[PDB]
Amino acid sequence: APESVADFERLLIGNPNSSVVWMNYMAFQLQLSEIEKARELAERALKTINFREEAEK
Amino acid sequence: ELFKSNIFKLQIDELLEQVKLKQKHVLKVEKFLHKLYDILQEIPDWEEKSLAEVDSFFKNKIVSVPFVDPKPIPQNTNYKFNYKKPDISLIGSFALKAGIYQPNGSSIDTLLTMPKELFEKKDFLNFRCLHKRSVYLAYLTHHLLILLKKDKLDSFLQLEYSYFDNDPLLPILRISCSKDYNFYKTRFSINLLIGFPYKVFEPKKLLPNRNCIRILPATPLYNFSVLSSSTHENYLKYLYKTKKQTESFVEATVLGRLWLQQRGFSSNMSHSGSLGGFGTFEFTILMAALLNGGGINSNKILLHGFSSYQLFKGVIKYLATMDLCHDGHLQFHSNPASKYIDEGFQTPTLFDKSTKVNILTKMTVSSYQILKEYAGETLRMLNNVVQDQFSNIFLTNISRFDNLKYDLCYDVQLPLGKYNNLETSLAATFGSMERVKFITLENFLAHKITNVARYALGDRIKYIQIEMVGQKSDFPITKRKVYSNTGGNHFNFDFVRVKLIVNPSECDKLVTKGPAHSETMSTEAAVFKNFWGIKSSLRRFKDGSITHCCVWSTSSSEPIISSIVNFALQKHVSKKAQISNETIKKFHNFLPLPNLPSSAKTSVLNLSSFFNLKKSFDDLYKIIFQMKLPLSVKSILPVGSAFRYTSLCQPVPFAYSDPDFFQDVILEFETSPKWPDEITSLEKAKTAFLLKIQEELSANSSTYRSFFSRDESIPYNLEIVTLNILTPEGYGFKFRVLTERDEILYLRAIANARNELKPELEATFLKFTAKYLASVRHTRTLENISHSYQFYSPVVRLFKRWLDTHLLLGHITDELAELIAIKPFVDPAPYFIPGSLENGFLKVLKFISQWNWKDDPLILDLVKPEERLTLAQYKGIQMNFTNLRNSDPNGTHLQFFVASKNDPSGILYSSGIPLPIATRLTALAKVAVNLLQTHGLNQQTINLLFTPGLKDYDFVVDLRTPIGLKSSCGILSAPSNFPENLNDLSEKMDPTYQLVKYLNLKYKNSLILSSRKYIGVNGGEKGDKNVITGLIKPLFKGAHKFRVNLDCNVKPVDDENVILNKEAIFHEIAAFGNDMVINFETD
Amino acid sequence: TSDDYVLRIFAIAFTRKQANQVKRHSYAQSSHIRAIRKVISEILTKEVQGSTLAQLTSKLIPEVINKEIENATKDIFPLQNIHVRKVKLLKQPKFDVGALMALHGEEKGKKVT
Amino acid sequence: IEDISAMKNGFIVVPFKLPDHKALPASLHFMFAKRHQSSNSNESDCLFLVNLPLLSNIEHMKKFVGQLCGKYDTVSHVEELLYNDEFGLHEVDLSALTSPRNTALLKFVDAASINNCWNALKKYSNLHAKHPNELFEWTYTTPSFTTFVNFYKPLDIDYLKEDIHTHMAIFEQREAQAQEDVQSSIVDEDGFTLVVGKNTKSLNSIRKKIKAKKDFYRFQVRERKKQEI
C-alpha cells in the first residue's frame, strides 16, 4: 500500500505497466486534490504501460 | 545587460540578507568593548625601565614577554623601555559597518597607539621599536590580566597571544569567549593591536628598498611591518571617507570578502607557505584607490556612481588585466589621483604616495599570479551571458581539498633539526644577510624552496604553491613565542607539501631544454649547469642546435615531474628530505597497461597505440575505395571507441578477447533511387553489398581475413549483418551500411504503427539513431575536443574501468559515460581544467556526487578553450528539459538528461536506465566523496573506493571462465597471429556479457542484473573471474493476482493470487550458466 | 567546418545533352539554373558542415561531392563536368600542435662533449 | 502450497522439481495450462501454456507428453508449438508494418490427444495436491559453451548467399506485380479511371498518401463609412 511519492515510484519501477499501481497513484493524487497532476500521471501511465495490456489500457 | 543585471542583483540582495549579521550581538560586543575602554583607562602606566628591570618584573610575573626573534640583549640595550596610556581606535569590517554573520567566527581589531614622547627618532633601527612594542604589550597584557581578575569575568573569557595575520614581527592579543558580557554566542573575537602614530618615522627612510637593520640589502618586511603599524589609522579614515563618498561600498566589500573566502584567501601573511595576504582590508583599500583613479592616464576608471555589481566588475577586471608585480604597479594618495606606472618592482606594488607604503608586501609572486588567474576566470564566467554563474562563483568553496583545488601534490618530510643542525642539514646557508632578507627561517626556506622548484620546472607548470603542514599562529600567554618540536625540526610545521597547477601539453616532454652553447660560457648557461650538476650535458639535435639540456626517463607509473622534483630537492635543498605521492603512483598503477613493447616506460599521454590502429585502418580504407562495385562508395566513417580515445585498455594486435576488439565503421554508399522499399529486403540488400565486398577482398587482398557476424542489437531488426574484417596488423573492424532509406523507413513505421505501439517503436528508432547517425558527430567532436584536452582520454579510461569494477557498465552506455567524464573539462568552473589523472577523476566524482539529476539537467559546450551554444539554443534545451520533467516528474522513464549541439533532445544516451541503477550510481559517488572527506586521501582509501561493495545484492552468482583471458586481452601482469578457424576465435571469445544480456531480456519485467564487462582488468590475477549481481523488483518480490501475462516465474500462495519463485529462478540462472556457474549466494 | 575553418567552395557544372538530342544546343532556363544552384549550395553546405577539414580533404580527393551533386540534380536537368572548382581558406582557429601531430600520425641527442 | 492444485479461473498448476545444484543446498517449477478457444483453423486443438521453463521447445514438449502418456496410459500426439518468444524479439513485425507474452501455445493432432493430455494433467495436478514426489523433473537442453559459441557462430556464406538470392527473387516478383497492378489503367465498375502519377509503385502507398475584397459593394463601403464615423 504505497503512501509516499517515493513508494509510488518504487512500485512503478517494479512494474511500469502496473495498472493497479497507476490507479492507486491516481486515487492518492485525487485524494490529495491534484487533478492536473493526476491527469499528467495518467498520461505517463499511458506512455509507459505495455501495448500488450489492452485491458489495462 | 538588463536581464543579467536584474537576476544578478536579486541574487546579490538575496545572499546578503541570507548572510546578514545580528544587531543583538552587535550591541553585546559594543557594550563589551565599552567595558574594555573603561578597563584600559583603569590600567596604570609603566615608567622607563631597563632590560634587567623588565626581566625581573615579568620573571616574578607569570606572564612572559613575547620577544621577537632575535631577542634583545643587555649588551646592546643601551636604551630602555616605557609604557604610557595609548591612543585607542577601532578597526575592522565592523569599523567599516560591513560585518557579516560568519559561521566560523570573526574578530574586530582595536588599535593601541604608543606615545610620541615615549618614542625617539632612533627607535626604528635593529628591533628597538619592536622590543618597545613587545614589552609594551607584555605590560598591557599583565595589567589586563589583573583587571580581569578584578572584574571576575575570567570564568568564560579566553585570552591568548597571537600574530597579526600570522606575523611573528607583530604579536597581538587575541580574546575569545566561552559558554553579562558572555559574547561567546556572538561568535566574535577581539584583537588588541599595538601600533605607532602617523609620521613617527620617516617614510622614505622606511621604504622597502631601504635597510634599517645594520650589520646592504633592503629590509622590506621589517619596513612594512613597522610602517603599517605606524599608519594603520590613516587608511581607516581614508576608507571611511570613500565609503561616505560612495553608496554601495559595504555591498562591494561583502561581495569581495565572500568571494575571497570561497577561494580560500585572506589577509594572512602569504610569505611563509600560506595562501593569503590579500583580504578585506586591502580589498577596500584597492576599491578606494580605483575610485580615486587607476588608469595609466590616471583617469577615474572607477566612478563613484556604480552599483555593487558594477563595482565588482571594475575591481575584478582591473585585477585580471593590470599587472602589479612584474611590469607594472599602481600609485595613489590617501590625502593625488591613482596613476598606473608600467614599472613592476618584482612584487605586487600598490604604493600610497601620501604615506609612502606599498600595501601588498604580504604577497608572494606565485600568490599574485594565481589570484590574477582567478580574476580572469571570474571575468569570463561573469561575462558569460548564456549560463548563470552566480552559484558557481559564490556558493562553492574550492579550498576544501588540495587535491581538488590543485593538480599535483608532493609530501616531503624534512628532519632538519635545529638552528645549528641546519648548517650540516641544509645544503644552503642562513647567515646574517639571509636573516636580514628573511627574518624568519620559515620564510627563508619557503622562498628558497619555491625558487628552486620554480626554476626546476618552469614550463612544466602553470602555477605553484607550497604549504608547510604544521603551521600555527597562536600560543599561550606564558610563552615568548610558538614552540614545536615534532617533524625532525624545532619550528612551526611538521613537513611540507608542494602543490602544482601543471601545464598538460608541456608536462610530459622528455627533455628539459636549457640554453644554447658558445665557447664562452655565459651567465645563464653557467648557472644552469651549476644547478643541474651531474645531470647537465651538452647535446645536439637534427636542426643542429647545441644547447645544454637534461634528459629523463618516461614511466607508466609516475610523472617526469615526480623525477625532476625528487632530484631537485634531494640535491639543491637537503640530503635528508623524503619526497612522495603514493596516491598518484597508485592511480597510474591502477590505470590498465597494454602488452606492448616498452609499455613500462610508456607515458600516459602516449596515444601511439591509437595511432597504429588508425594507420592500419587507413590502409584498409584506401583498399575499399579503390575497390570497384555496382555503386560507388560515398564514404567510410569510423565510429570506434578506439577512434575516439575511450577504450579501457589500449588496442593491441591480435588481442581479440577484448570486447572493443572489433571497432565499428559506418560504410555509406552513394544515393541510388533503386533501393528496396521494404525494411528487411533493404537489410538484405545491405548484406548483398557486404557479401560482394567480402568476395572481392578475399580474391584480391588475400592477406586480410573476413567473416559475417549476424547483429540484432537494434530491436525488431532480425537481419543486421556486420562484415568482420581482420587486418594483418592484428586489428579488427566491423562494417555496416547506412541509408537515407533506413531513416525514412523507420519514420514510416512510426507513422503506420498503432498509438499504443508508438512508444516502443519510438524507442527502437531512438536506438537506431544513437547507433547510426549521431554517433558519428559525437565521435568527431569527441576526438577534436580530446586533442585540445589531453588528459580527458586517461581520465575517462580510468572512470570507465571504475564503473566496470562496480558493475554499472552493462547498463550505462559508453557515450553517456564519456559525456559525464568530459563534463569537468568543458565546464571547468569554478576550478581549473584538470591537469592530472587524480585531479580529473576526483573532479568527475565530485560532480557526479553533487549532481541532482532530478532537478538539474546537463548541457555541454563541447568547444575548445579561448560554435558555442547560443542563448536561443540554450533556452530551447531548457524548455525541452522542463517539458520532459513535467511529463515525468519523478524520472521513472528517464533519470539523466545530457544535451549538446550534437544532441538537442537530451535523450539519446540516457534512455533505458533503471532508476535503481541511477540511484546506486549517485550513492556510490556520495559514499566515495564522504570517505575521502573523513578518512583522508590515502592508498587505502583508493583501494576502498575501487573495490566493489557486493552489498544490497539479492543474489550473487560467482562464475569463472575455463581459460585465462588476461594475456590474450593483452594487459601486462601473448598471442601473435589469428587462429586459422574463426570458429576458434569465437571459442576464445568471452560469453558472460551476452549471457547476462539475454537473461536481462528474459527477466527485465521482474529482475535487474549486472555483470563485469571487462574481465581482463577485473577478473583477478588470471583474468577469469566474473560475478552477476541480481536484484528483484518490489511487487513481483511481493504478490499479484495471477493474470494471463504474468511475466514472471511464480509460486501461487492461493488459488487466484501468486507469489514469485525465487529458487526456480536461481535454478534457471544456474542452468543457463551451467558450465560457468561455480558459487551462488542468496540474500 | 566543425573544425572552425571558415571555408569557401566554388562548384561548376555544364548542361550536357541527352542521348537522342537533335537540337544543336543544350541550354537550361533561368529557372532550372536557379534550382540547380540552390541544390548545389545546400549539398555543399550540408557536406562541409557535417565534415571536418581532414575529413573534408578525404572527401574531396576521390571526387565524391560532385558525384553527389550529379546524383541529386539528375532529375532537373542532365549535367556534365560537375566539379568542385576551388576551395579557399578564410579563417583558421587557434593553433593545435597536437592535432597536427595526430593528423600526420620525443627525440634525444647524441652527447656532444 | 500443497493443497493449491488448480486455479479458480480454470488454470491448473503443473509443478517441476529441479536438480540439487552444487551451489544450492528440490524445486517445483509451477506451470499452467488451459484449452484454447480460437476461431483460427491453425490455432485449434491448442493448449495455452503459462510460465514455461526457458527454451521450452518441441523436444521438451515431446518428453513431457511421453511422461504423461507412459504414466497415465493415455495417448496424445503433439504436432507443433506456438508463440515461443521467451526473450521478446518478435512482438512487432516491422516488415508488414512498412510494406500473449511469457506464454505459449501447443497444438496437437486431434481432440482425442488434447483431452487425453488434459486428463493426464488433471491427474498431475492431483499428484501435486496429494503426493508431490510422483511428479516429473524438468530437464533443460543445457545452455552451455557449445550452444553459445554456436550463438557466436560466424555465419555460413553459402547459407547467406542462398537466403539473399531467394529473398530478392521473390521480392522482385512481388514488386513488379505491384508495378503492373498500379499502372495498368484501373477502371471502376462504373465509368471511373484512377489517376496515378508517374513513378508510383503501390496502391497501398496511395491509400497511405490519403482573395476577398473589403471595399467593393454597397454594404461594404457604407459600413466602412459608418464605423469610421
# chains A, B, ... in the order shown; residues from 1 in each chain; ligands from 1
$ residues_around --residues "range 42-53 of chain C" --least-positions-apart "4" --cutoff "8 Å" --atoms "only C-alpha atoms" --output "list in words"
residues 777 and 780 of chain B; 1, 2, 3, 5, 9, 38, 57, 65, 68 and 69 of chain C
$ closest_atom_pairs --of "chain A" --to "chain D" --cutoff "12 Å" --atoms "only C-alpha atoms" --output "CSV"
residue,atom,partner,partner_atom,distance
A:50,CA,D:101,CA,10.8
A:51,CA,D:91,CA,9.8
A:52,CA,D:100,CA,7.6
A:53,CA,D:100,CA,9.5
A:54,CA,D:100,CA,11.3
$ closest_atom_pairs --of "chain B" --to "chain D" --cutoff "8 Å" --atoms "only C-alpha atoms" --output "Markdown table"
| residue | atom | partner | partner_atom | distance |
| --- | --- | --- | --- | --- |
| B:677 | CA | D:99 | CA | 7.8 |
| B:678 | CA | D:99 | CA | 5.6 |
| B:679 | CA | D:95 | CA | 5.8 |
| B:680 | CA | D:95 | CA | 6.2 |
| B:681 | CA | D:168 | CA | 7.0 |
| B:684 | CA | D:164 | CA | 6.2 |
| B:685 | CA | D:164 | CA | 7.9 |
| B:688 | CA | D:164 | CA | 7.2 |
| B:707 | CA | D:154 | CA | 6.2 |
| B:708 | CA | D:155 | CA | 5.4 |
| B:709 | CA | D:154 | CA | 5.6 |
| B:710 | CA | D:155 | CA | 7.0 |
| B:715 | CA | D:89 | CA | 7.3 |
| B:716 | CA | D:89 | CA | 6.2 |
| B:717 | CA | D:94 | CA | 7.6 |
| B:745 | CA | D:98 | CA | 7.0 |
| B:748 | CA | D:98 | CA | 6.7 |
| B:749 | CA | D:98 | CA | 5.4 |
| B:752 | CA | D:97 | CA | 6.6 |
| B:753 | CA | D:97 | CA | 6.8 |
| B:982 | CA | D:154 | CA | 7.0 |
| B:983 | CA | D:153 | CA | 6.4 |
| B:986 | CA | D:152 | CA | 5.8 |
| B:987 | CA | D:149 | CA | 5.9 |
| B:991 | CA | D:148 | CA | 7.2 |
| B:998 | CA | D:87 | CA | 7.2 |
| B:1001 | CA | D:87 | CA | 5.4 |
| B:1002 | CA | D:87 | CA | 4.7 |
| B:1044 | CA | D:100 | CA | 7.4 |
| B:1045 | CA | D:101 | CA | 5.7 |
| B:1046 | CA | D:102 | CA | 7.1 |
| B:1047 | CA | D:102 | CA | 5.3 |
| B:1048 | CA | D:51 | CA | 7.1 |
| B:1049 | CA | D:51 | CA | 6.1 |
| B:1050 | CA | D:30 | CA | 7.0 |
| B:1051 | CA | D:30 | CA | 6.5 |
| B:1052 | CA | D:1 | CA | 7.2 |
| B:1053 | CA | D:1 | CA | 6.3 |
| B:1054 | CA | D:4 | CA | 6.6 |
| B:1055 | CA | D:7 | CA | 4.6 |
| B:1056 | CA | D:7 | CA | 5.9 |
| B:1061 | CA | D:29 | CA | 7.9 |
| B:1063 | CA | D:27 | CA | 6.9 |
| B:1064 | CA | D:29 | CA | 6.0 |
| B:1067 | CA | D:18 | CA | 7.3 |
| B:1068 | CA | D:54 | CA | 7.3 |
| B:1070 | CA | D:21 | CA | 7.9 |
| B:1071 | CA | D:142 | CA | 6.5 |
| B:1072 | CA | D:143 | CA | 5.1 |
| B:1073 | CA | D:144 | CA | 6.5 |
| B:1074 | CA | D:144 | CA | 6.1 |
| B:1075 | CA | D:144 | CA | 5.7 |
| B:1078 | CA | D:23 | CA | 6.8 |
| B:1079 | CA | D:23 | CA | 5.0 |
| B:1080 | CA | D:23 | CA | 5.2 |
| B:1081 | CA | D:23 | CA | 7.9 |
$ select_by_dssp --residues "range 11-100 of chain C" --states "helix (DSSP H, G or I)" --output "short mmCIF file (atom, residue, chain, number, x, y, z; two decimals) with C-alpha atoms, in the first residue's frame"
data_model
loop_
_atom_site.label_atom_id
_atom_site.label_comp_id
_atom_site.auth_asym_id
_atom_site.auth_seq_id
_atom_site.Cartn_x
_atom_site.Cartn_y
_atom_site.Cartn_z
CA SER C 30 16.94 30.55 -65.73
CA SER C 31 14.55 28.55 -63.57
CA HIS C 32 16.48 25.33 -63.98
CA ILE C 33 19.70 27.24 -63.42
CA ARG C 34 18.44 28.70 -60.16
CA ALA C 35 17.13 25.35 -58.98
CA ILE C 36 20.44 23.67 -59.66
CA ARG C 37 22.32 26.45 -57.91
CA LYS C 38 20.13 26.01 -54.85
CA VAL C 39 20.65 22.27 -54.83
CA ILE C 40 24.40 22.60 -55.20
CA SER C 41 24.57 25.18 -52.43
CA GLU C 42 22.61 23.08 -49.98
CA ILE C 43 24.60 19.95 -50.81
CA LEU C 44 27.95 21.67 -50.41
CA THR C 45 27.00 23.33 -47.16
CA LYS C 46 25.47 20.19 -45.68
CA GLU C 47 28.53 18.15 -46.57
CA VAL C 48 31.16 20.58 -45.32
CA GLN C 49 29.27 21.46 -42.18
CA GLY C 50 28.88 17.84 -41.23
CA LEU C 53 38.76 19.61 -42.53
CA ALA C 54 40.80 16.43 -42.62
CA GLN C 55 37.57 14.63 -43.38
CA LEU C 56 36.90 17.36 -45.91
CA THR C 57 40.05 16.61 -47.88
CA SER C 58 39.37 12.90 -47.56
CA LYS C 59 36.02 13.51 -49.21
CA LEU C 60 37.38 15.94 -51.74
CA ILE C 65 30.87 15.57 -53.56
CA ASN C 66 30.38 16.07 -57.28
CA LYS C 67 29.11 12.54 -57.63
CA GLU C 68 26.50 13.57 -55.06
CA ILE C 69 25.75 16.78 -56.93
CA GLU C 70 25.12 14.84 -60.10
CA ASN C 71 23.05 12.21 -58.37
CA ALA C 72 20.89 14.92 -56.84
CA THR C 73 20.42 17.14 -59.90
CA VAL C 97 50.26 21.16 -32.47
CA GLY C 98 48.70 18.03 -31.01
CA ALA C 99 46.09 17.98 -33.75
CA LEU C 100 48.78 18.37 -36.38
#
$ closest_atom_pairs --of "chain B" --to "chain A" --cutoff "9 Å" --atoms "only C-alpha atoms" --output "CSV"
residue,atom,partner,partner_atom,distance
B:755,CA,A:51,CA,8.8
B:756,CA,A:51,CA,5.1
B:757,CA,A:51,CA,5.6
B:758,CA,A:51,CA,8.7
B:759,CA,A:47,CA,6.7
B:760,CA,A:51,CA,8.4
B:886,CA,A:40,CA,8.1
B:887,CA,A:40,CA,6.5
B:888,CA,A:44,CA,6.7
B:889,CA,A:41,CA,8.6
B:890,CA,A:9,CA,7.2
B:891,CA,A:9,CA,8.8
B:892,CA,A:13,CA,6.6
B:893,CA,A:48,CA,7.6
B:914,CA,A:13,CA,7.8
B:915,CA,A:13,CA,7.2
B:916,CA,A:13,CA,8.3
B:1005,CA,A:15,CA,7.2
B:1006,CA,A:14,CA,7.1
B:1007,CA,A:14,CA,8.8
B:1032,CA,A:14,CA,8.2
B:1033,CA,A:14,CA,4.4
B:1034,CA,A:14,CA,5.3
B:1035,CA,A:14,CA,6.0
B:1036,CA,A:14,CA,7.0
B:1037,CA,A:14,CA,8.8
B:1045,CA,A:53,CA,8.3
$ select_by_dssp --residues "chain D" --states "strand (DSSP E)" --output "number ranges by chain"
D: 12-13, 32-35, 46-50, 78-82, 103-108
$ closest_atom_pairs --of "chain B" --to "chain C" --cutoff "7 Å" --atoms "only C-alpha atoms" --output "JSON lines"
{"residue": "B:510", "atom": "CA", "partner": "C:106", "partner_atom": "CA", "distance": 6.4}
{"residue": "B:538", "atom": "CA", "partner": "C:112", "partner_atom": "CA", "distance": 5.6}
{"residue": "B:539", "atom": "CA", "partner": "C:111", "partner_atom": "CA", "distance": 4.8}
{"residue": "B:540", "atom": "CA", "partner": "C:109", "partner_atom": "CA", "distance": 5.1}
{"residue": "B:541", "atom": "CA", "partner": "C:109", "partner_atom": "CA", "distance": 5.4}
{"residue": "B:611", "atom": "CA", "partner": "C:105", "partner_atom": "CA", "distance": 6.1}
{"residue": "B:634", "atom": "CA", "partner": "C:64", "partner_atom": "CA", "distance": 6.2}
{"residue": "B:671", "atom": "CA", "partner": "C:71", "partner_atom": "CA", "distance": 6.8}
{"residue": "B:787", "atom": "CA", "partner": "C:99", "partner_atom": "CA", "distance": 6.1}
$ residues_around --residues "range 578-590 of chain B" --least-positions-apart "4" --cutoff "6 Å" --atoms "only C-alpha atoms" --output "VMD selection string"
chain B and resid 410 to 413 557 to 558 939
$ write_last_selection --atoms "N, CA and C atoms" --output "mmCIF file, in the first residue's frame"
data_model
loop_
_atom_site.group_PDB
_atom_site.id
_atom_site.type_symbol
_atom_site.label_atom_id
_atom_site.label_comp_id
_atom_site.auth_asym_id
_atom_site.auth_seq_id
_atom_site.Cartn_x
_atom_site.Cartn_y
_atom_site.Cartn_z
ATOM 1 N N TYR B 410 52.827 16.786 -3.515
ATOM 2 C CA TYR B 410 54.004 16.015 -3.159
ATOM 3 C C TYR B 410 54.351 16.322 -1.717
ATOM 4 N N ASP B 411 54.370 15.279 -0.899
ATOM 5 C CA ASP B 411 54.670 15.416 0.516
ATOM 6 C C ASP B 411 56.145 15.135 0.743
ATOM 7 N N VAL B 412 56.790 16.003 1.515
ATOM 8 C CA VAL B 412 58.206 15.898 1.821
ATOM 9 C C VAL B 412 58.391 16.036 3.322
ATOM 10 N N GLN B 413 59.007 15.027 3.919
ATOM 11 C CA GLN B 413 59.472 15.102 5.294
ATOM 12 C C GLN B 413 60.850 15.742 5.333
ATOM 13 N N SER B 557 54.212 4.878 -14.457
ATOM 14 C CA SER B 557 53.748 4.899 -13.084
ATOM 15 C C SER B 557 53.867 6.251 -12.406
ATOM 16 N N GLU B 558 54.705 7.153 -12.898
ATOM 17 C CA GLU B 558 54.916 8.413 -12.211
ATOM 18 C C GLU B 558 55.345 9.452 -13.226
ATOM 19 N N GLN B 939 46.255 5.589 -0.088
ATOM 20 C CA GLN B 939 46.112 4.444 -0.977
ATOM 21 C C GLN B 939 45.092 3.444 -0.450
#
$ residues_around --residues "residue 87 in chain C" --least-positions-apart "3" --cutoff "8 Å" --atoms "only C-alpha atoms" --output "list in words"
residues 7, 8, 9, 10 and 84 of chain C
$ atom_distance --atom1 "CA of residue 252 in chain B" --atom2 "CA of residue 90 in chain B"
21.1 Å
$ residues_around --residues "residue 37 in chain D" --least-positions-apart "3" --cutoff "12 Å" --atoms "only C-alpha atoms" --output "JSON, numbers by chain"
{"D": [34, 40, 41, 42, 43, 44, 45, 46, 47, 48, 105, 107]}
$ decode --residues "range 18-44 of chain A" --atoms "N, CA and C atoms" --output "compact mmCIF listing (two decimals), in the first residue's frame"
# COMPACT_ATOMS: atom_id res chain seq x y z
N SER A 18 1.91 -1.58 -14.53
CA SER A 18 1.04 -1.98 -13.43
C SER A 18 -0.15 -1.04 -13.39
N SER A 19 -1.27 -1.48 -13.97
CA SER A 19 -2.49 -0.68 -13.97
C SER A 19 -3.01 -0.46 -12.56
N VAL A 20 -2.91 -1.46 -11.69
CA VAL A 20 -3.33 -1.28 -10.30
C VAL A 20 -2.49 -0.20 -9.63
N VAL A 21 -1.18 -0.22 -9.87
CA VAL A 21 -0.30 0.79 -9.28
C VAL A 21 -0.63 2.18 -9.81
N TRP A 22 -0.84 2.32 -11.12
CA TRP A 22 -1.18 3.63 -11.68
C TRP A 22 -2.52 4.12 -11.14
N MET A 23 -3.50 3.22 -11.03
CA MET A 23 -4.80 3.61 -10.50
C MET A 23 -4.70 4.01 -9.03
N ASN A 24 -3.89 3.30 -8.26
CA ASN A 24 -3.68 3.67 -6.86
C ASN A 24 -3.02 5.04 -6.75
N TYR A 25 -2.03 5.32 -7.60
CA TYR A 25 -1.39 6.63 -7.60
C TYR A 25 -2.38 7.72 -7.98
N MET A 26 -3.24 7.44 -8.97
CA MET A 26 -4.26 8.41 -9.36
C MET A 26 -5.26 8.66 -8.24
N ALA A 27 -5.68 7.61 -7.54
CA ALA A 27 -6.58 7.78 -6.40
C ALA A 27 -5.92 8.59 -5.30
N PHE A 28 -4.64 8.33 -5.02
CA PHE A 28 -3.93 9.09 -4.00
C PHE A 28 -3.82 10.56 -4.38
N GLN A 29 -3.49 10.84 -5.65
CA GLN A 29 -3.41 12.22 -6.10
C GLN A 29 -4.77 12.92 -6.04
N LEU A 30 -5.84 12.23 -6.43
CA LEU A 30 -7.17 12.81 -6.33
C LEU A 30 -7.54 13.08 -4.88
N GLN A 31 -7.16 12.18 -3.97
CA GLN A 31 -7.39 12.40 -2.55
C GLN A 31 -6.62 13.62 -2.05
N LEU A 32 -5.38 13.79 -2.50
CA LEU A 32 -4.60 14.98 -2.20
C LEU A 32 -5.05 16.19 -3.01
N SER A 33 -6.07 16.02 -3.86
CA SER A 33 -6.68 17.11 -4.63
C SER A 33 -5.68 17.72 -5.61
N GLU A 34 -5.15 16.88 -6.49
CA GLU A 34 -4.28 17.31 -7.58
C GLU A 34 -4.84 16.73 -8.88
N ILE A 35 -5.80 17.44 -9.47
CA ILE A 35 -6.44 16.96 -10.69
C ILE A 35 -5.48 17.00 -11.87
N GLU A 36 -4.77 18.12 -12.04
CA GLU A 36 -3.82 18.23 -13.14
C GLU A 36 -2.70 17.22 -12.99
N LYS A 37 -2.18 17.05 -11.77
CA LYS A 37 -1.12 16.08 -11.54
C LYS A 37 -1.60 14.66 -11.80
N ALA A 38 -2.83 14.35 -11.39
CA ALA A 38 -3.38 13.03 -11.67
C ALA A 38 -3.52 12.80 -13.17
N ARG A 39 -3.97 13.82 -13.90
CA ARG A 39 -4.08 13.69 -15.35
C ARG A 39 -2.72 13.48 -15.99
N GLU A 40 -1.71 14.21 -15.52
CA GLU A 40 -0.36 14.06 -16.06
C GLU A 40 0.21 12.68 -15.76
N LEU A 41 -0.02 12.17 -14.54
CA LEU A 41 0.42 10.82 -14.21
C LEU A 41 -0.33 9.77 -15.01
N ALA A 42 -1.61 10.00 -15.30
CA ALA A 42 -2.34 9.10 -16.20
C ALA A 42 -1.74 9.12 -17.59
N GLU A 43 -1.35 10.30 -18.07
CA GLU A 43 -0.67 10.39 -19.35
C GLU A 43 0.65 9.62 -19.32
N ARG A 44 1.38 9.73 -18.22
CA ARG A 44 2.62 8.98 -18.07
C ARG A 44 2.36 7.47 -18.07
